[PDB]
Structures are given as C-alpha cells and as structure tokens.
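Engineer: Handing you this structure, nothing more for now.
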Amino acid sequence: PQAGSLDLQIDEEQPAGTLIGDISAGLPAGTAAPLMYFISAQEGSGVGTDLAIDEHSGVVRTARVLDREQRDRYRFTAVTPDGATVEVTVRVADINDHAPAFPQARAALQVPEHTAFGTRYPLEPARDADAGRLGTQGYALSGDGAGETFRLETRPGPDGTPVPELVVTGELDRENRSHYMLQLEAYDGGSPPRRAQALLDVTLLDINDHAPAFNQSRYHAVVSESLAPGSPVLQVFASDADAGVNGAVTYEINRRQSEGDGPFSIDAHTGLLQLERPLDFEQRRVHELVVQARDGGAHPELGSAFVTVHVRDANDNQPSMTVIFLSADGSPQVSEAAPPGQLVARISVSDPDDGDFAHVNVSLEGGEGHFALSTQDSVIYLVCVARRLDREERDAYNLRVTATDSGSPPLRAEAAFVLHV
Amino acid sequence: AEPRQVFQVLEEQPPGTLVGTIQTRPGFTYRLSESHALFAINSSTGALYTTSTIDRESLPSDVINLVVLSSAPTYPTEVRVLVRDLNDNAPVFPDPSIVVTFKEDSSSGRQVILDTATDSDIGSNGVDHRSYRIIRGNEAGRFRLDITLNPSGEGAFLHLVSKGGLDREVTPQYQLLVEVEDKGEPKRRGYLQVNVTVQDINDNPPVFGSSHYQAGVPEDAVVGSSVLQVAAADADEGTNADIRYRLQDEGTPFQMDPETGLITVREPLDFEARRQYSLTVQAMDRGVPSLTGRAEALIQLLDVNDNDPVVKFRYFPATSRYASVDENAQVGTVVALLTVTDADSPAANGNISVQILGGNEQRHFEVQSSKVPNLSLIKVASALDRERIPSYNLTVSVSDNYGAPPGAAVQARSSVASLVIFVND
Ligand SMILES: *[C@@H]1O[C@H](CO)[C@@H](O[C@@H]2O[C@H](CO)[C@@H](O)[C@H](O)[C@H]2NC(C)=O)[C@H](O)[C@H]1NC(C)=O
Ligand SMILES: *[C@@H]1O[C@H](CO)[C@@H](O)[C@H](O)[C@H]1NC(C)=O
Ligand SMILES: *[C@@H]1O[C@H](CO)[C@@H](O)[C@H](O)[C@H]1NC(C)=O
Ligand SMILES: *[C@@H]1O[C@H](CO)[C@@H](O)[C@H](O)[C@H]1NC(C)=O
Ligand SMILES: *[C@@H]1O[C@H](CO)[C@@H](O)[C@H](O)[C@H]1NC(C)=O
Ligand SMILES: [Ca+2]
Ligand SMILES: [Ca+2]
Ligand SMILES: [Ca+2]
Ligand SMILES: [Ca+2]
Ligand SMILES: [Ca+2]
Ligand SMILES: [Ca+2]
Ligand SMILES: [Ca+2]
Ligand SMILES: [Ca+2]
Ligand SMILES: [Ca+2]
Ligand SMILES: [Ca+2]
Ligand SMILES: [Ca+2]
Ligand SMILES: [Ca+2]
Ligand SMILES: [Ca+2]
Ligand SMILES: [Ca+2]
Ligand SMILES: [Ca+2]
Ligand SMILES: [Ca+2]
Ligand SMILES: [Ca+2]
Ligand SMILES: [Ca+2]
C-alpha cells in the first residue's frame, strides 16, 4: 500500500518528555526509511504545545504534563518525502486524579410531613472530574431510618453523571419524629475507590393536622341571679398539638346556635367565660351555649364544645298587685252611709315567683275603722264596709295598700287610692 | 266567700263558642268587669261565650283571669280561661338554605353544628328534636345526622357528621335537605337546605403535557428569541392551581419565564462550544404545601458557518521564514503540506474546495488531494531551472459551503494564504 494508520496511548499527568511512540511502526512494511517526517495537524485543534515530535527520527514525546481533562485524544498525519502517509492518533488514558466531592458537607432538606410515598427529592451529586468508569458510579445512604422511611434511587442526570434522588417511604409525622440526621456516601471506579461523604439534616414541616380538642365535651355551672358582672363563671380548655400558628388556640363563642349567649363573653386566649350584664331567672331560666376554638393560620380547623349554665333564683323581685273597685262606675266611690257587710273593691296579688307561689300578705292601712279587709283564696282580697260609714264630719278617706313579700328579705310595694262618698 | 271556677276552650274556633257556664244565683244579673274584645257574658242566668276567633300563639299568655259582676251586693266570683293549641303551626328553621364548608380528604368524624328548627306551638305539640332526617341529596352516602340534646328543657343542637372520603376533584358540592316533623296529633313538617361546599387542599401536583420536549435552535439566535414552549396543568382550584415554571439547572445560557413557560436565549449561543443540552424543567404549584412535577427537555443546537477556514503549511525546513528546495529534487517528492483546518461541522460547512491562485497553476508542480480528507500534498511534478525562476509566490483558496445549489442560504466564506518557495542548492 501507500498509506498507514497507527494508534497510541499514554497515561495522565505523567512528566514531560515521557515516551509516546514511534511513527516508524505506522509506515507500510517494506517502505523506504524516510529522512524527515512532515507533520500535519489540525491547526488550533492540535498538538500545539502538548506534544514533542522529532522530525528526523519519528519519535514522539510529551511536550508538557498531559491532562486529558482538557484534551482527551490527539490526531495528526505524518508525511514522508516519498509521499507515504501515516495517520497517527494518540490517546490520553485516565487515572483517578480527582476524587469525588459534594458541594455541601452538611446539607439540609425540608420535606412536608404526611407526604405521598414515592415522591422523590433530588440532591446535589458528587461531581465526577475524571470521566468514564473512574468518576460517576453510585451513592449509598448511611443515615439512620434509611431501611424503613428513606430510600435512595439513583437517576442519571445531565451529561450522564448520576443524581441521587431521596425517595419517600414509610411514616412521616413531626408530631412524633421531628427530624432525621442522614449521612450520604459516594464512591467511584478504579481498584482503589475514592470516596466522599456528607451529612443531611432532613426536617419535617408542619401542616394543619389536628383540630382544637377540648378538655371535656360539655361544661356545667350553677350561678345565681344578680351575679357580679366582673366575676368569672368558668374557664374552658382546648389543645392543639401542631406547631407555629397551627398550635395557637383562639377561644371564641358561637353566636348563632347558642341560646342565651347575650350576657356572656369569653376571653380570647385563656378560655375564661365572663359575663357582661347581670342575668335574671325571672326572665331567663337557663343558658345553653356552644363554644369553639380556631386552629390559627391559613384555613383554620374548628373544634367545639358545649356550655350549660343553670340558674337558681333569689327573692329580688318586688310583689305586684292590681285593684278594681266594685261599686258602679269603676271610679272609686261609696254611697251616703252604705249598708254594712258590703265590699267596695277587689285586690289580686302577683309576683315573679320561686319558692312560695304567690302567697303574699297584704297590709291595707286603717281607713279609720269604717273599712275592713277580707280574703277569698289567699290570693284575691276584698274591701268591706263597717260602722255604717256615718259620714261623721268626713267626706273621703285616703287609703293605701301595702304588699309585703313573704321572702327572706323584706320587700314592700305601695299602692294608694282615694275613696269618696 | 270562696267561689272560683276555671274554664277551658280551644283556639281557632268561630266566634260564639261556648266556654263554660258560671254558677248562677236566683234573681241576679252578671256582666263583665273590664272591657276586652274576647268575651261577653249572657246575663239572663246564661254562660260565657267567645266573641272572636283567637290564635293562641298571638297571645302574651295562655291563661287569662276574668272577674264577674252581680246585681246588688256585687259579689264577685273569679273565672280563669285556659286556651290550648291544636297544632296549627309547623316547624320552621331560622333560615331555609345555608352554606357550610367541609375540609376535603379529611378523615371520618369531621362535623359542623347546624341550626335547630323551632315551633311556635306548645310543648307536646312542639318540634320533635329526635326526628331529624336527611331525605335527599345524600344518595351518595357521604354524611349522617348526629343529634345532641341538652339536659335543660330549652335547647337542642344538630350535627352534620361526615364519614370521610370527601374529595373535591370527584364531587365539590352536595346539596342536602333535612326533614323535621312536629311531634303532634297532626305530624306537620319543616325543611332546611344545606349547600355543602367543600374546600380545596393541595393534594394534586402539577403535571406536564409531555414527558420529553425536543427543540432545535440555530446558534445564530439573538438574545431573547424563543427556544421551546412547555405546558403543565393542575387538577386543583385557585391558589393550588397557579403553576410556576422554572428550569432545574438555570446555569445554562437559557432562561425560563416562570409563568408562560417559554425557554428563551439569555446569552448568545455557539455550536462549537456545546452540541446539545439535556435539561430538566420543573412545575411548582402555589399550594400551602407546594408540590413539583418534572420532565426532561432536550435542546439541540444547529450549526451555521460562522467560522472561516485557515491553511497552515509545513515545508522543508522548520524554523525558517521561507521554504527552500534543492534544484536536483527528483520528480515525485513532497515539498510541503496543505493543512486545511475548519472548526465548523460538515453538516453546516458542506464540501470544501481548494484551487490555485497567483502561483504555478501550470503543471510546474502538481497539487494532490491525499488519501487523508483535508490534507493535500505539494510535490514536484517536473525538473526546473534555478536562474530562470529562483522563487515562487504561490497562494491558495478555500471556501465554506462551496458548490451549493442556487439561492442557498448557506453563503460562502473564504480565506486565502500564501507560501513561497526558494531553490537553494
Ligand atoms: C505575494 O506574497 C505576499 C507575501 O509576501 C502576499 O501578500 C501580499 O503582499 C503584497 C506585497 O506587495 C501586498 O501588496 C498585499 O497587501 C499582501 N496581502 C494580500 C492579501 O495581497 C501576496 O498576496 C502575494 N502575491 C499575490 C499576487 O497574491
Ligand atoms: C413514634 O416513633 C417511634 C420511633 O422514634 C416509634 O417507635 C413509634 O412506634 C412511633 N409511634 C407510633 C404510634 O407508631
Ligand atoms: C380539665 O377539666 C377538668 C374538669 O374540671 C379540670 O379539673 C382540669 O383541671 C382541667 N385541666 C386543666 C389542665 O386545667
Ligand atoms: C241569653 O240566653 C237566653 C237563652 O234562652 C236567651 O233567651 C237570651 O236572649 C240571651 N240573652 C240575650 C241578651 O240575648
Ligand atoms: C344555596 O343554593 C341555592 C341553590 O339555588 C341558592 O339559591 C342559595 O342562595 C344558596 N344559599 C346561599 C346562602 O346563598
Ligand atoms: Ca488531570
Ligand atoms: Ca482523570
Ligand atoms: Ca474519581
Ligand atoms: Ca401537624
Ligand atoms: Ca392544628
Ligand atoms: Ca343567640
Ligand atoms: Ca328579674
Ligand atoms: Ca330573682
Ligand atoms: Ca318576690
Ligand atoms: Ca295557633
Ligand atoms: Ca298552636
Ligand atoms: Ca307545633
Ligand atoms: Ca383531594
Ligand atoms: Ca384538592
Ligand atoms: Ca396543586
Ligand atoms: Ca459558532
Ligand atoms: Ca459554526
Ligand atoms: Ca467553515
């Protein structure tokens, strides 16, 4: 033939002047020994400063320290003066010179709790500088909790370097296990495997899991009437095991479904139920309430509890009474000395009642003895005439009825009238 | 001195209804005490009769005390009338239709306090708070009714317990109706509607329209042009549906618009720097706990002829200004080498032509395209004279994309170099 081809190889970062080969082996067998090897290489894509070639002998040696990280293979054609050509190719072999390394020695990851199984979280891989089998390779997770909750599945990323993806497995709830301290290890090819390690602080975020639960389902009280407005009634308790604003319990009181919540109000951040106006049993017998609590934050969860406040009465309402006169026109009058054993009015007693229903004793003032008092059924009273009402230098008599309440404290009620002839 | 009677009468009866007969005394006329528009007494030893229809619910109090009258001593016997109900009112809720919100994907036990109906009638004829039923809307079987009654006689509460499995993406709303019945001789009914509007939670992540995106870009693309367009979607509603795109590795000379998803050229490109980019695109939703979807994006650069070719020579001496050849050089020996270097790829550079200019395109010595594609040989195809032509000024040409069809966009770009030859024996 009239041409030849030859391939060569050399290791990395070996000193300059190291032997590469001889162009003589690439020439066709039997051809004349040339006096000079004309070198033709791709300009700028080439030998330049990175090879030394002897033109008169054909030996090749390394011009400097050789790094295949920048340039892996060289190619150039040697031409003899006779016309024969030898296509030469020099390859730089790789040796583990750059060990793997992580950009973060102690990285931190944030993953929401209760996350779906199998969702993947990529991480920063240990970049391979020495390409080929010597970099790259595979990650191994050495952290605790990696057998049950956190596994590692490798995925090749850009340019083929492997990117670690921490997959989700098992249980994840910060209410029990707050955070994990994992450790990552990276190896590489070559009989002496270079290694790199880094720690990973995986923390679990919080979400609105638990609604505010109360101490007891329903509360109770037995406050009396006319209680001090500034006085307390009872304190409610509610808990929420979440963190941040999701653990803040703001106690409130439902205004719709609660019947009798008018006189009441609850402290916002202590659950202390306190009244604002005094209540009356002779108006409202019992108060039925529903309290709530908000799981503070975005879209709050809602808890609820019941409040039952019974009321027992006290004798504070004055006795009432009505009077109607039974003589002709309702207006008070009497005849000129009316017959005896005659009645001129009617009285009925009433009161807001607890204990003794009604049963009030009246105290009609005198009437100078010409009038008397009688009762029908201990509730309705009458007014009788005595002494014939002789009109002895007397025209009309100012009379008054006193309603005396039969309670523990004395409670009086006045009611005056004028009876004429 | 102790006569007192009590009468009982029904409500919603036509006027003139006989209530009762007050006991009479011979020779006496009885009339009313105070004028009120409900009753009037027959004085001829008669009885007591109503004078108008009355609704018991319209009265301030049921029992009403009345006082009689008499002829001469005006002896008064008291009379009390009790009016009852007959259940002429039906149970009614404070509002016919309300709206309650439930948390989707929540476990069983989530409930909400609802309104309790009330009836204007008496106790026995009042609402039966244990007879609440949900008659329509719950055909799917999601909710149930739990009623909590109170130890106090005045009070009742109703709950709407959800048995879990609520999903907005499956069914975001339920319209329910409740049937309550008056606990009366006539069982009369009441109704309340519930607009159940569940709330959206971020349970679904963004998903791209395709798993692998491919696009070709010319390396002459100006800064700001479009590369490709990604598209994603989220099954949730509102804030949990707003997707923000981003390139997972924005160290590339590209840039991702976080809203439209249009990869743009952020820095000027070059084909000889890198062939193609194997990127990865993200899709992040604005939910309260954010989620992310991914897909690979491949961008291939397209080469254009933006680098010109050069020719460098290697002749008989090395460290020499000008080439030197012996005169007795036998015909057929190589003098120099025509090394044609081109950085651009052949896909955008076409066939390379080389011709002779300003020298000896005259068989003085031939040029030959060697077996190597780019390399050419400079030989001596004839024996010459030294005194006649002692030197040469041979230059050559080299063109990119030469021999192209007419109207081709791949215009040619050339560069010429020269090498001299001297005869020195
Ligand atoms: C002859 O060789 C010279 C190099 O020594 C080439 O370069 C040109 O030299 C002439 C000398 O008079 C200058 O006028 C030009 O400006 C140089 N450049 C160019 C691009 O022409 C020269 O080209 C050679 N002669 C020819 C005809 O090409
Ligand atoms: C909480 O976590 C511990 C591990 O620290 C585990 O042993 C325990 O079972 C967990 N709680 C429950 C209820 O499973
Ligand atoms: C919870 O409620 C009970 C009921 O009276 C009470 O005794 C107890 O103190 C409450 N818990 C706290 C922490 O106050
Ligand atoms: C009272 O009833 C009797 C019943 O026979 C009737 O005759 C009389 O007319 C009635 N009184 C009046 C004022 O009509
Ligand atoms: C409940 O839905 C009905 C459907 O027509 C609507 O008319 C009603 O206004 C809704 N309730 C409220 C409070 O808007
Ligand atoms: Ca190296
Ligand atoms: Ca290496
Ligand atoms: Ca390595
Ligand atoms: Ca939580
Ligand atoms: Ca919470
Ligand atoms: Ca209220
Ligand atoms: Ca009172
Ligand atoms: Ca009282
Ligand atoms: Ca009293
Ligand atoms: Ca009625
Ligand atoms: Ca009624
Ligand atoms: Ca009723
Ligand atoms: Ca859902
Ligand atoms: Ca949803
Ligand atoms: Ca979403
Ligand atoms: Ca370019
Ligand atoms: Ca180019
Ligand atoms: Ca070119």
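Each residue's number is its place along the chain shown, starting with 1.
So how was this one determined? The header says X-ray crystallography, 3.7 Å.
Placed from the backbone N, Cα and C atoms, the Cβ positions cover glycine too.
Okay, these came from Swiss-Prot:
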- A:2-102: domain 'Cadherin 1' (DOMAIN)
- A:103-214: domain 'Cadherin 2' (DOMAIN)
- A:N176: N-linked glycosylation site (CARBOHYD)
- A:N215: N-linked glycosylation site (CARBOHYD)
- A:215-321: domain 'Cadherin 3' (DOMAIN)
- A:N361: N-linked glycosylation site (CARBOHYD)
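So that I understand the layout, could you describe where these features sit and how close they are to other parts?
Structural biologist: Broken down with DSSP, the domain 'Cadherin 2' (A:103-214) shows 6 helix, 48 strand, 58 coil.
When Cβ atoms from all protein chains are considered, those within 10 Å of A:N176 (N-linked glycosylation site) total 9, not counting its own.
In the three-state DSSP reading, A:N215 (N-linked glycosylation site) counts as coil.
Residues near A:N361 (N-linked glycosylation site) in space but far in sequence (CB under 8 A, at least 6 apart, same chain), listed by position: A:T404, A:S406.
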Engineer: Using DSSP, how many residues of the domain 'Cadherin 1' (A:2-102) fall into helix, strand and coil, respectively?
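Structural biologist: Its residues divide into 4 helix, 37 strand, 60 coil.
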Engineer: Counting only residues 6+ away in sequence within the same chain, which have a CB under 8 Å from the CB of A:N215 (N-linked glycosylation site)?
Structural biologist: A:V236, A:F237, A:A238, A:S239
